[PDB]
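J.: Dropping a structure here in structure tokens format, bear with me for questions.
FYI the Cβ positions are ideal-geometry reconstructions off the backbone, even for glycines, and counts take in every protein chain you see. The numbers here are math on the coordinates, done by the rules we state, and not lab data.
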Amino acid sequence: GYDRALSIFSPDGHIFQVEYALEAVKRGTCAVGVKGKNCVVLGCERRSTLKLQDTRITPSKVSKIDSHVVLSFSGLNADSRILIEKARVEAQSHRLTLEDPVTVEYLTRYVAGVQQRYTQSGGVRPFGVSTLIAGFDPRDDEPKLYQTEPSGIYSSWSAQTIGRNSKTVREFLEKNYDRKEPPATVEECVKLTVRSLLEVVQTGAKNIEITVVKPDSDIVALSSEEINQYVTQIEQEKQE
Amino acid sequence: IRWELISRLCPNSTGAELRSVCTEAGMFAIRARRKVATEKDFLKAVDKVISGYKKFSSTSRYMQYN
Amino acid sequence: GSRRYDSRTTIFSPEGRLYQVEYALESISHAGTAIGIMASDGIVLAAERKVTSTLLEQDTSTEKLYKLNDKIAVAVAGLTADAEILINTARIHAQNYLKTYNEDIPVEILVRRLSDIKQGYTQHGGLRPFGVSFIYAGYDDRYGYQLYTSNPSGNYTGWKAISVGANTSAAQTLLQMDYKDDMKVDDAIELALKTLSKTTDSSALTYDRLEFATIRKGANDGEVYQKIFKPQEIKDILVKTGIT
Amino acid sequence: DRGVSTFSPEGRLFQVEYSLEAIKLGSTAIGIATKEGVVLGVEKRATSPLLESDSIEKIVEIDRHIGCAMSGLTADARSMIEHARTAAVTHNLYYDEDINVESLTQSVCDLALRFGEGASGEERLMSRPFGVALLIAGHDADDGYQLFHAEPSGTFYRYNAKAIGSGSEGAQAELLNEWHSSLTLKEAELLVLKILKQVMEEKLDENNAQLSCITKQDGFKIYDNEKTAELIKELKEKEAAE
Amino acid sequence: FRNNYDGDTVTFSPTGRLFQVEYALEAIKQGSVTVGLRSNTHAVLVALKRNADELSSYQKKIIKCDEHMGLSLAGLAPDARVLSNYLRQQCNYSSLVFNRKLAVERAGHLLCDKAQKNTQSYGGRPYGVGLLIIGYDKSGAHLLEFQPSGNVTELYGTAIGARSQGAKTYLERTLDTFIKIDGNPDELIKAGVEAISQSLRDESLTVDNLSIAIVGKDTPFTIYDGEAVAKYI
Amino acid sequence: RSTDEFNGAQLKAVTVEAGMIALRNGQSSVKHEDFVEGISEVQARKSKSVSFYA
Amino acid sequence: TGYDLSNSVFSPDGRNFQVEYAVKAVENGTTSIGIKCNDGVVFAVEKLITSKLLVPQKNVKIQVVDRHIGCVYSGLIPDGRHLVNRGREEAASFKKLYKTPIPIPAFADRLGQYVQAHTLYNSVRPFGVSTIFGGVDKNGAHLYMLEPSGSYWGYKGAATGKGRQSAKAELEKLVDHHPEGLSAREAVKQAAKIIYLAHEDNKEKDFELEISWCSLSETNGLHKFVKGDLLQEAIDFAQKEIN
Amino acid sequence: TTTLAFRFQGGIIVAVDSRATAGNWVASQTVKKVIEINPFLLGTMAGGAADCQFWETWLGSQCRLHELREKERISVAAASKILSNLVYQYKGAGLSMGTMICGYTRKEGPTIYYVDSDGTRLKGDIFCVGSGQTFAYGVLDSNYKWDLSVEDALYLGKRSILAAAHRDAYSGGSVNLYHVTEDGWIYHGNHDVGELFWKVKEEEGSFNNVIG
């Protein structure tokens, strides 16, 4: 019944709703991604700070899709739930029919696929969501980081940031992550990801969540103590 | 100063905007503290006025037909 | 032609916001106030009706408190008609899980599925968003007592306390002071009447403008009990905190 | 809102005029078809030094003798590449034979036509668009190397050479002088880079350019990023002899 | 250009008019000229083929529908692709089922009846292309005029396109002559050149941009092009 | 013949437009070759845009 | 302003405006008449010769439905033809279930019910044609003229087109001259007269006359086209009368 | 109808017959029971002819369409599990399938997969399907070693089809060999089954039993 066209072309060569899509993303939360040479690190800041608000049962903004894929999302949070759902569905129907877990390349197309296909039908608004997709290719060591648009475009990155105040942290990353020399270890990368967030978080360790995915389905989160430790370290050094 | 060289680099530009590259190289000579406007102050000046005054299409709409 | 008549609920604004959704968040704050309080020793679910007339049969009515199944109760804020749809759709989904796993639905699951339904009305199909928000109060083995709230956008978050309906900012600051993490069930009862007796727009807080229900693990042999109190036991604890 | 339906009393479907703008926004794509090897080269327009150059794809394989380069929004194109891939393989099950190049263009052009109101049960699975061009290039026995230009109009022509994208106007005027009927593969490959250098925003490098051909023995083959760096280096020697 | 009525084909105007149809009629005059003339043993189409710039090739303007029938487009090229299919389809349907040559008379009326549906229903644009259908059957030779509006009429001669009147006028001064031309294939083509030169005003006549099609009592539907129209011209 | 849907005001706009073409060459007589060429200079036409799909 | 825009919305005072607008289309069309006779019915239409390029007697606008019901129309000329389809579909449907040609009063009702739908909804357009259709069956002859509103009446005679006025006044005077019903054989001749008079209106482009008749006495209830010698006698008769 | 395939050192040997009977009548003796699914998979024809030929051409299409789609060539195991799950859809419609899909990739090595009409899909080192399923097992299994010279492995295939062809009614015609390497299958061509018998009877000295 409803199929009224929402991709009214802009005479200036655009589409009004796909600009607006990009705008809604900017409103929402921030999240940063950086790829060492043997790890990926997804940090995101959490406005779930608010005395008397749990974090045990409240869902974190970094989601598990598969054993060795992880997603982080900025933009409308009602909407995030869908793209998780679809991707999970996918991940199993790939094992079923072709065997072997999803190549991180593939799953990127597939999430990207879904967001494009909401601009085609009239009955539906675009998802105002951009995402970071990360994982390690089956039985390999190749870090991969991918980010998609609510346009539907996708590309791999050395590190990227989406959400609010992405310009501050991109400008920070140009100077401080060399393109020829990734951070060597897991601790050196993590120190680098904290230092990027602590520009727009305005200190605190309670705010930020840091999850690391390594090769061989190692999805681990750093707990409050660890966060604090790293922060403090960056405090002494910086002060000195 | 080959007048063909700065006309190529520029995209499709009126003559009221091609008058403003002289005026933006004249205001950059004063910043750089030069008594001469050279072929260096015109190559920079192109980049600034083509970006700047291109972005944002006034109303970026118009139409009102259908 | 017909495109003129089309409201376009679906479309994004130049803010990127859904203007329709913001309106819906309004229609909650018109309706009467409901407060969630987590204790370690139980969950006190407490909400003061919006209705008030002197001819209301308080004994007969529930309208703010519904049971979902035996472990999970919701408190309703918004339009009651809208709500009633969602509340039946919940009840069927609870049961569907019970037939397939002989294992009562975990509280996270049930909330997540309600939230998915709501979202869908504002994705596609030019429907008007539901004007409703729930407090979810529920118990399982996994995480213990759990509290959640979902709003008409289709986005839910957990809590250690929260309030929906009118005077949301007023309620939230009273709770910020007073709640300590250790409370029993009987102290938790007393903080709930306290927070409702200041905010009430009507002058007196009366036993027939209140609905109170508990979910307690102080039922022996490791079993949980619900109980919605009668209008004649809420009267006995209104004199207990001295409101009369 | 204009309909998709409505006419402009000039005689025109407003929407087609707006589609043909979207081509021009997107990145440069040159094609020169000679009698010895079609060369397609595009400008990637890497937008940050953080972003990895080679994940971006704008030269795309349709089958093993029809290669294709796209300009415009790369998203719109994701649907139309997949439709084209299926149809060419469908034909190869059905007649055990290379799909004509001309025929494949037609099927793309047919999907392009679709953007309709979606009246009754009829399947128009788009309501809008397809703001992208193709340089569909190929080789078959019937006609030699060919090259075809698709529009979002549902309108295509053969072309000896055609530019499209941001620098289309400038590239067009250099092509009407330089194009000839005696070009070799090795001369056309160097000539494409020279016309692509003028309208490239940035300096000609292989970290914002990608070259490809289709040649009779090889089929499709995109070039190595090492080969391309060498052809850049040889252009500046010939130019610095002059 | 708005105000008043210019929305769907549903809204109907207090003037008696339906605007969208009229708009659609303007569309044909945008495209390139086509003439069509017959005699009792041969029906010819001449159309002007065009190219975007001079590296671009010409465009196919004449379409063979079958081995006894064919159309030529003027105006929109996506629209012509939808309707040429449907006349392939239907003339196939009459060889399969009834084993009869689809009569030119019938084939016009069916196209009319399909066009009507697009202007009654909400949504759907009117088809905005014009087809001159020539063809030969057991009833001799026919020429038909498809207006976008839906009307079909049989003529001895017509033109529609850009600066058509220059060709329409020539065709009326000579009406007396070309029906009496019978049996000379050559003499018929060559009259039709001198009918399309009048339209070329500010346009030079190229020989590779012209498309020519004869069908007759012994030849099937045949398009001439390239070397073959460089004999005549 | 070579005009059609010209109203009388365009046609005064053709005979004057021809005798300019005669003043540009320098001729003192306007020949039959200039009245033809003035017809293309004042038609209430310059074509909105070369066709792209018609 | 907003009742003018809309389709199938009642005006404040109570009329549908787009029914009224649909009448305009009937007056743009050329002349057509029917004449009910004692035997059956005669149909006739003015076909304008708008150019020297049209072919004679090949662009006929008279179209049968089954083999006993003549149909010719005025309004929008594609839109006519599609109601001559609709008619055929219903005609044929009746012959399958009840094995007999359809009765002429019944042919009228169902044809009308189609027109009526396109004023019920806002989504399709009110049909822009006024039709004449009729023929003979067992009850006898019947003439009908259907208006865009969805209304028909029976008639001694009826007419439509831009030259309806000039035919309406002669048609009274063919109820006075012959109050018992002239024969259909006489009425071929009388039909031509009424086209040649209502051609002064459309005197812009010269015409060609077309008659047809369906009657129980002449053609055995089989609608035909008057042709050859009988068509020549009627042409020369009305031509020399009106000059 | 003897189709066999064994894993060995250098890769896979496929071997087939070509006499395909229709009833008592022997229809044709030229029927090539290999189906080239692309240049690195070979698929046999045993079971019902129509269901087999057609459906592995269709498999050929999902290979040229997985291959473009990820730009990575199809795994041998994955190819099989396509084909299987397609014919499972139609189970109980009398379609008749017995193929081995054989390939060697650099992620799995030489691997045979055996797809069957019930939906049974087995990996394994030896399969042999059809009329000559028991004769062929027997000759082959004595003389079969995981270590072998490629040349010897070609000569082990000849002899396996040979044996089934002698005793069986519907096996006969000609023999065919293919040798899968990583790079693709190469054809080692067609030996007549009536010239081949007499070389190996004399040369080896077996089939004493046979007269002549």
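J.: Taking neighbour counts of Cβ atoms within 10 Å as a proxy for exposure, in what order, fewest first, do C:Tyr179, E:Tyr136, B:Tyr62 appear?
T.: B:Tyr62, C:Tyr179, E:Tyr136
J.: Are any of the pairs A:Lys180/B:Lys40; E:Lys114/G:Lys96; A:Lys206/C:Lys67 more than 29 Å apart by Cα-Cα distance, and if so, which?
T.: Over 29 Å apart, Cα to Cα: A:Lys180/B:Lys40; A:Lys206/C:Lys67.
J.: For the pairs G:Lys168/G:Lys203; E:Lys60/E:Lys101; A:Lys37/D:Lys221, note any where the Cα-Cα span goes beyond 20 Å.
T.: Violating the 20 Å Cα-Cα cut-off are E:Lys60/E:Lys101; A:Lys37/D:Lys221.
J.: In addition: Could you line up A:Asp140, H:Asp168 from fewest to most neighbouring Cβ atoms inside 10 Å?
T.: Fewest-to-most ranking of A:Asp140, H:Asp168: A:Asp140, H:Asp168.
J.: Around E:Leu143, which amide H atoms from residues at least 5 apart in sequence, or from another chain, sit under 5 Å from its own amide H, with H modelled in the peptide plane?
T.: For E:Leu143, whose amide H was placed from the backbone, the distant partners under 5 Å are E:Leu155.
J.: Then there is this: Calculate one ³J(HN,Hα) per residue across the stretch G:180-187 by plugging θ = phi - 60° into the Karplus curve 6.51 cos²θ - 1.76 cosθ + 1.60, and present them in order as whole Hz with x for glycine and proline.
T.: Computed from phi, the couplings for the stretch G:180-187 are 9, x, 4, 5, 4, 5, 6, 7 Hz.
J.: On to the next question. Which helices, counted as full DSSP H runs in chain E, have an axial Cα extent of no less than 15 Å and a Kyte-Doolittle average of -1.0 or above?
T.: What comes out of the filter, once short or polar helices are dropped, is E:19-30, E:77-96, E:104-120, E:185-196.
J.: If you don't mind, there's one more thing I want to ask. Summing -39500 (n - 2.57) over the DSSP H runs of n ≥ 4 in chain C and dividing by its residue number, what mean residue ellipticity at 222 nm do you reach, to the nearest 500 deg cm²/dmol?
T.: Mean residue ellipticity at 222 nm (helix-derived): -10500 deg cm²/dmol.
J.: Tell me, what ³J(HN,Hα) does each residue in the stretch G:164-173 have, in order and in whole Hz, if you take phi through Karplus 6.51 cos²θ - 1.76 cosθ + 1.60 with θ = phi - 60° and put x for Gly and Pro?
T.: Values per residue, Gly and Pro as x: 7, 4, 5, 8, 5, 6, 5, 7, 4, 6 Hz.
J.: Taking amide H positions as placed in the peptide plane 1.01 Å from N, state which residues far from G:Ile211 in sequence (5 or more) or on other chains have amide H under 5 Å from it.
T.: For G:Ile211, whose amide H was placed from the backbone, the distant partners under 5 Å are G:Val226.
J.: For F:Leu11 and D:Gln172, what does the FRET efficiency come to when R0 = 51 Å and r is the distance between their Cβ atoms, rounded to the nearest 0.05?
T.: So, using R0 = 51 Å, E works out to roughly 0.85.
J.: Also, quick follow-up: Please list, in chain and number order, the residues 5+ apart from D:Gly138 or on another chain whose amide H is under 5 Å from its amide H, with Hs placed from the backbone.
T.: So D:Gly138 has HN proximity to D:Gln146.
J.: Normalised by the residues of chain C, what does the relative contact order come to in percent, with Cα pairs under 8 Å and at least six apart?
T.: Taking the mean separation of contacting Cα pairs over the length of chain C, I get 27 percent.
J.: What FRET efficiency would be calculated for the residue pair E:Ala228, A:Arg47, taking the C-beta separation as r and a Förster radius of 60 Å, to the nearest 0.05?
T.: 0.20
J.: Just to be sure I understand the model, the point goes 7 Å from the Cα along the line to the Cβ. What's the resulting C:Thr80 to D:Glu226 distance in nm?
T.: Distance between the two pseudo-spin positions: 7.9 nm.
J.: Now for a different question. Could you list D:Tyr145, A:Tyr154 in order of exposure, starting from the residue whose Cβ has the fewest other Cβ atoms within 10 Å?
T.: D:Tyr145, A:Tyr154
J.: Express the relative contact order of the stretch A:91-240 as a whole percentage, based on alpha carbon pairs under 8 Å and six or more residues apart in sequence.
T.: After rounding, I find 16 percent.
J.: What nm value, rounded to one decimal, do you get for the distance between D:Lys236 and C:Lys227 when each label is placed 7 Å out toward the C-beta?
T.: 8.7
J.: To the nearest whole percent, what portion of all C-alpha pairs in the protein assembly as shown is separated by more than 66 angstrom?
T.: 31
J.: Would you list, by chain and number, the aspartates and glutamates whose Cα falls below 19 Å from the Cα of F:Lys12, excluding same-chain residues fewer than 8 positions away?
T.: Those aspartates and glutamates meeting the cut-off are F:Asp4, F:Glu33, F:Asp34, F:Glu37, F:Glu41.
J.: What distance in nm separates the simple spin-label points at C:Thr54 and A:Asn165, each placed 7 Å from Cα in the Cβ direction?
T.: Using points 7 Å along Cα→Cβ, the separation is 5.8 nm.
J.: Next up: Counting only helical runs of four or more DSSP H residues, what would the 222 nm mean residue ellipticity of chain B come to if each run contributes -39,500 (n - 2.57) and the total is spread over all its residues?
T.: Counting only the DSSP helices, I get -18000 deg cm²/dmol.
J.: Which whole-number percentage describes the relative contact order of chain D, with Cα contacts under 8 Å and a sequence gap of 6 or more?
T.: 28
J.: Moving on to the next point. Subtract the Cα-Cα distance of G:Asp229 and G:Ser51 from 0.36 nm times their separation in residues, and report this length gain in nm to one decimal.
T.: Value of the extension gain: 61.5 nm.
J.: With 28 Å as the limit, write out which pairs from F:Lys48/G:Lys162; D:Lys44/D:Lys236; D:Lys58/D:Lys236; B:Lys44/D:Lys162 have Cα-Cα distances beyond it, or answer none.
T.: F:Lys48/G:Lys162; B:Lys44/D:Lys162
J.: Relative to the longest principal Cα axis of chain G, at what angle does helix G:104-117 sit, 0 to 90 degrees, rounded to 10?
T.: The helix G:104-117 is inclined about 40 degrees to chain G.
J.: Using Cα positions and a limit of under 17 Å, work out the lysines in reach of C:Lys198, with same-chain residues fewer than 8 apart set aside.
T.: In chain and number order, the partners are C:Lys50, C:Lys240.
J.: While we're here: Against the longest principal axis of chain D, how steep is helix D:225-241, in degrees 0 to 90 to the nearest 10, with axes from Cα atoms?
T.: So the inclination is approximately 60 degrees.
J.: Count the net charge of all other residues whose Cβ sits under 10 Å from the Cβ of E:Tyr58, scoring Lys and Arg as +1 and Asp and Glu as -1.
T.: Net local charge, E:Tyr58 excluded: +3.
J.: Where does helix B:20-32 land angle-wise versus the long Cα axis of chain B, in degrees 0 to 90, nearest 10?
T.: The helix B:20-32 is inclined about 40 degrees to chain B.
J.: From the phi of every residue in the stretch G:12-27, what ³J(HN,Hα) in whole Hz does the Karplus formula 6.51 cos²θ - 1.76 cosθ + 1.60 yield, where θ is phi - 60° and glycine or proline is x?
T.: x, 5, x, 7, 9, 7, 6, 5, 4, 5, 4, 5, 3, 4, 5, 7
J.: Can you tell me the order of G:3-10, G:196-203, H:130-137 when each peptide is scored by its average per-residue count of other Cβ atoms within 10 angstrom, highest first?
T.: H:130-137, G:196-203, G:3-10
J.: Still on this structure, please answer the following. Using R₀ = 25 Å, calculate the FRET efficiency as 1/(1 + (r/R₀)^6) where r is the Cβ-Cβ separation of F:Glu37 and E:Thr206; round to 0.05.
T.: 0.70
J.: Please list, or write none, the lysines whose alpha carbon is within less than 24 Å of the alpha carbon of E:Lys117, excluding same-chain residues fewer than 8 places away.
T.: List returned: E:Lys29, G:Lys24, G:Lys61.
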